[PDB]
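In: Model the following, please.
(2 chains)
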Amino acid sequence: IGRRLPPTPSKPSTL
Amino acid sequence: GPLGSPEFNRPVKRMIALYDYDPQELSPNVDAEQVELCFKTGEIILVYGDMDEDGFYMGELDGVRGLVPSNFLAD
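Out: Residues are numbered from 1 along each chain as shown, chains lettered A, B, ... in the order given. Here you go, the structure:
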């Protein structure tokens, strides 16, 4: 079992 | 390239979190709770060295260290 990134957020950052 | 003198290279960088990350809610990784760091939008993570082959940085935040997903941070 390997590690991977979570899906990238697609909404603009609230920052 | 490999030839020449070493260049200036910062072993520590500061990176702004652009999105909330709780590994229990969002991580696909079987060991997430053990090895990944929780953080909130606007917090700054101190990152040590390069991202690993999976895309994670070793980071520090408020006294806790762990892996953070590069795609949640401002590059």
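In: Chain B against chain A: which residues are in contact?
Out: Chain B has residues B:16, B:18-19, B:21, B:26-31, B:41-42, B:54-56, B:69-72, B:74 near chain A, with proximity defined as C-beta under 8 Å from any C-beta of the partner chain. All C-beta spots, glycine's among them, are computed from the backbone N, C-alpha and C.
In: Of the residues you listed, keep whichever come out buried.
Out: Neighbour-count burial (16 or more other C-beta atoms under 10 Å in any protein chain shown) applied to the residues of chain B next to chain A gives B:18-19, B:21, B:26-27, B:29, B:56, B:69-72.
In: Let me have those in a markdown table, adding secondary structure as columns.
Out: Below are these laid out as a markdown table (DSSP: H, G, I helix; E, B strand; the rest coil):
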| residue | secondary structure |
| --- | --- |
| B:18 | coil |
| B:19 | coil |
| B:21 | strand |
| B:26 | helix |
| B:27 | coil |
| B:29 | coil |
| B:56 | strand |
| B:69 | strand |
| B:70 | helix |
| B:71 | helix |
| B:72 | helix |
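In: Dump these to CSV, plus distance to residue B:11.
Out: Putting those into CSV (distance: C-beta to C-beta, whole Å) gives the following:
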residue, distance to residue B:11
B:18, 23
B:19, 25
B:21, 23
B:26, 28
B:27, 26
B:29, 25
B:56, 17
B:69, 20
B:70, 17
B:71, 22
B:72, 21
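In: Show me which pair in those is furthest apart.
Out: The largest separation in those, counting by C-beta to C-beta, is between B:18 and B:29 at 20.1 Å.
In: Work out the gap between stretch B:34-52 and the centre of the chain.
Out: For stretch B:34-52, the distance from its own C-alpha centre to the chain's C-alpha centre is 3 Å (C-alpha atoms, centre = their mean, to the nearest Å).
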